[PDB]
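Just the first chains of my complex for now:
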Amino acid sequence: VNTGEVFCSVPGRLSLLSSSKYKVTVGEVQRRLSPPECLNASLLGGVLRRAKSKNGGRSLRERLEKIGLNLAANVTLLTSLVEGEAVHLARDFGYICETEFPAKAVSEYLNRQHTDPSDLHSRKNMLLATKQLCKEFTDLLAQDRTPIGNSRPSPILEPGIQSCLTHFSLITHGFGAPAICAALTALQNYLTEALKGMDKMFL
């Protein structure tokens, strides 16, 4: 089984701009057919946005077996996504959290709810603790080396933890771990703004 090879190209479900299709590799098609999802011919046909013909299902089965693959789980909106588009969606969400999440207004509002000056050393220490533990957590997700798109990198994480992050990448088509890092960026920017804000209170 040659997994670097391109199976097909798929227009995006979330494109507003006439200007790309995403490449889907044999590796990706094999990730969809294997556990934990074990997609069938009908669902794989929708992911690949194939025209649902009566020929189409035998045609796809023929295309699959020629390259050494053959044919349930809870289907979500994420199940519809090719890995290219899942990764792109996570990247846009990441960009929006960094640039548009009102981390400053949120810190001003939540700091003002803890304006007892005895509760000030306490809050500074809890903010610093939260920042640290969130970094450890996003550092682990950045060490994820699950195969996605054309990449099949070598693991740095121990096999056990890697296989648990691999399970969560497979059920989310690669959206999960980067969407969580996107959300923890908004939390980290709030904590940073809350610390700057605490230090203005201290005066």
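Happy to help now that I have it. Numbering: from 1, shown residues only, chains lettered A, B, ... in the order given.

Leaving out the residues flanking it, which one is nearest to residue A:143?
Leaving aside its sequence neighbours, residue A:143 sits nearest to residue A:157 (CB to CB, 6 or more residues apart in numbering; 5.2 Å). Where you see a C-beta, it was placed from the backbone N, CA and C, and this is true even at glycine.

Provide the backbone phi and psi angles at the one you found.
Backbone torsions of residue A:157, given as degrees, to the nearest 10, read phi -70, psi 150.

residues touching it, list them.
A:140, A:143-145, A:165 (CB atoms under 8 Å, 6 or more residues apart in numbering).

So which residues of chain A form helices?
A:26-33, A:41-47, A:56-66, A:83-100, A:103-112, A:120-142, A:159-172, A:176-201 (DSSP state H).

of all those helices, which lies closest to residue A:5?
helix A:26-33 (4.9 Å; CB to CB).

pull the CA atoms of that closest one into PDB?
The C-alpha trace of helix A:26-33 is given here as PDB (Å, rounded to 0.1, in the frame of the first residue of the first chain):
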ATOM      1  CA  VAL A  26      -4.300   6.900  -0.100                       C
ATOM      2  CA  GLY A  27      -3.000   7.300   3.500                       C
ATOM      3  CA  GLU A  28      -6.000   9.600   4.300                       C
ATOM      4  CA  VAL A  29      -8.500   7.100   2.600                       C
ATOM      5  CA  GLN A  30      -6.900   4.300   4.700                       C
ATOM      6  CA  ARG A  31      -7.300   6.400   7.900                       C
ATOM      7  CA  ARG A  32     -11.100   6.700   7.100                       C
ATOM      8  CA  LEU A  33     -11.600   3.000   6.300                       C
END
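
rewinding a little: please tabulate the helices of chain A in a markdown table and include mean neighbour count and distance to residue A:152 as additional columns.
Output for those, formatted as a markdown table (neighbours: other CB atoms under 10 Å; distance: least, CB to CB, whole Å):
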| stretch | mean neighbour count | distance to residue A:152 |
| --- | --- | --- |
| helix A:26-33 | 20 | 7 |
| helix A:41-47 | 17 | 20 |
| helix A:56-66 | 14 | 20 |
| helix A:83-100 | 17 | 12 |
| helix A:103-112 | 15 | 36 |
| helix A:120-142 | 13 | 18 |
| helix A:159-172 | 15 | 12 |
| helix A:176-201 | 18 | 17 |
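
add chain B to what we have:
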Amino acid sequence: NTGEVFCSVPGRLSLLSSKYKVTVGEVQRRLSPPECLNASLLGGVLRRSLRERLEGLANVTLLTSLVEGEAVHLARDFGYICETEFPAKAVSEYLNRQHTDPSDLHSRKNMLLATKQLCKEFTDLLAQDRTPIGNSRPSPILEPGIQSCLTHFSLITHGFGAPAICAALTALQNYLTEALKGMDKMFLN
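The block that follows adds chain B to the chains above:
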């Protein structure tokens, strides 16, 4: 007349062949700042005479394509998957082994408790967001300043943002709880 249904849109992310009601309120939010969608882009969103049909009424991301009902559904499925599929127990067993000083378990336990507390205050604020979305026009409980900032973030994500952030912090919170269970079994040795 915000509550009026303007059309029904098939889901961009459905696999089951077996539709989302878009209201006039929602078309208005797309035409108004911060996005000021033109008729071309609004066309894409509604998946289609439009200028007449309306008359009486920022950078594009993958989120710009979504009707509110699908954006909220996608956030909801992400939430479900973070809650039920994120490996919180294995992540906490790995991170308890990497970052716990065995000469000061108490320092790591206090930092976990603190993190759980501050994450809760943060997701409690996002749950107090009363931004119009779909056919709801609820009444705000937050002061206008912070409600206006939260509304901007909902308008540019089509209602995906706040719930998607809460879905992610559920994975973090489940990790923290598994990690505290883990700290206690280290104290028992």
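
who's in contact with the residue nearest to residue A:78 when sequence neighbours are not counted?
Leaving aside its chain neighbours, residue A:78 sits nearest to residue A:172 (5.3 Å; criterion: CB to CB, 6 or more residues apart in numbering or on different chains). When contacts are counted by CB atoms under 8 Å, 6 or more residues apart in numbering or on different chains, residue A:172 touches A:78, A:86, A:179, B:78, B:81.

I figured the second one was touching residue A:174, is that so?
Yes: Residue A:86 sits in contact with residue A:174 when judged by CB atoms under 8 Å, with a separation of 4.8 Å.

Could you find the two of the contacts of residue A:172 that are most distant from each other?
Checking the contacts of residue A:172 with CB to CB, the most distant pair is A:86 and B:81, at 12.3 Å.

Quick check: neighbours shared by these two?
Residues touching both residue A:86 and residue B:81 by CB under 8 Å, 6+ apart: A:78, A:172.

Pull out the buried residues from stretch A:143-160.
Across stretch A:143-160, burial judged by 16 or more other CB atoms under 10 Å in any protein chain shown covers A:144, A:146-150, A:157.

what separates it from the chain centre, distance-wise?
14 Å (CA atoms, centre = their mean, to the nearest Å).

Quick one: end-to-end length of it, please.
Stretch A:143-160 stretches 13 Å from its first residue to its last (CA to CA, to the nearest Å).

Help me see whether that stretch makes contact with chain B, please.
Yes: interface with chain B: stretch A:143-160 contributes A:158, A:160 (CB under 8 Å from any CB of the partner chain).

swap in stretch A:29-48?
Yes: interface with chain B: stretch A:29-48 contributes A:43, A:46-47 (CB under 8 Å from any CB).

For the residue in chain A that chain B sits nearest to, which residues are in contact?
Residue nearest to chain B within chain A (CB to the nearest CB): residue A:183, separated by 3.0 Å. Residue A:183 makes contacts with A:97, B:164-165, B:167-169, as judged by CB under 8 Å, 6+ apart.
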